[PDB]
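One chain comes next, on its own, written out as structure tokens in the form deposited in one PDB entry.
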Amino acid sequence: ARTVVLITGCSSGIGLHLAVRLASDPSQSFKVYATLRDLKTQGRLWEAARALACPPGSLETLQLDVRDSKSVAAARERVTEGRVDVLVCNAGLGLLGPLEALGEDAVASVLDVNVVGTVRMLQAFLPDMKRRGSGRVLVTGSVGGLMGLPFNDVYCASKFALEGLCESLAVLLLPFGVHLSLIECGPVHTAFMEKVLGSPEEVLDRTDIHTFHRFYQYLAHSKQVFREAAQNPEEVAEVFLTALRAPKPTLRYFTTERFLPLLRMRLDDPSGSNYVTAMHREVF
């Protein structure tokens, strides 16, 4: 009927805001398929959809576990239009804490969901976009996929991974007509974000007293950055729209130019010592 968009991880954050922003667009040219792991959490999405008065039939919810390829396939078929014009790979997972204190299953989960998950999506929907000779894929990144952050080893690993995966495809898709873009977000006003950060005893028993004291220092400094730089999801969700409408999209979109200074000096010295020292001071 009109631009068919499918978004993953819509139970909150960028995903939820992006879905309603699309569905409630005045032009009414978007049909949105919001995906969620557990449906019992679709409440907030629907409540937000009523707040913005989304016309009936512009928003549909599907249960989709990106950790499972059978659920990825079952979903693709629930797509009545029989076509996907815009795939937004947003499902993500975070992990904070010193490496040694992280469980093995947790580390495997973050990579399975964040990296293998978007690969599974790309596999089930990419072929068709190549046949057509047209398609758009949006992947939500982070500045943590452009530079390493202490205590975010595995999170950064998964996001750094997305940069490599996407940068590789882009080289090959250029002549196929389907465009791929990464949306590099900095912190994004998530009240829950600054509440997850705060793990005293549980962490303290799996690490030494000096790593723990540094963790505290990281938490302290991060909550300061969050409160002084976090942007509104509407500002971020609108960058996706800018990427979505560019006639010839670039590979990377930055929601903010704030962290660009730090990224520069990391590209100025390929050996990485300047960045490692610079970043160590702005956190310790």
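Start at 1 with the first residue shown and count on from there. Between two forms, the rigid core is defined as the largest C-alpha subset superposing within 1.5 Å.
Keep in mind that the form deposited in another entry is not shown, yet the notes after this line are about it.
*Asks:* If you fit the rigid core between the shown form and the other one, which of 71, 211, 109, 199 ends up with a C-alpha shift of 2 Å or more?
*Replies:* Result of the comparison: 199.
*Asks:* Just to spell it out: taking the C-alpha atom of residue 110 and the C-alpha atom of residue 196, is that distance smaller or larger in the other entry than in the structure shown here, given it changes by 3 Å or more?
*Replies:* Residue 110 and residue 196 sit closer together in the other entry.
*Asks:* Would you mind telling me if residue 198 and residue 108 are closer or farther apart in the other entry than in the shown form, C-alpha to C-alpha, with a 3 Å or larger change?
*Replies:* Between the C-alphas of residue 108 and residue 198, the gap narrows in the other entry (3 Å or more compared with this form).
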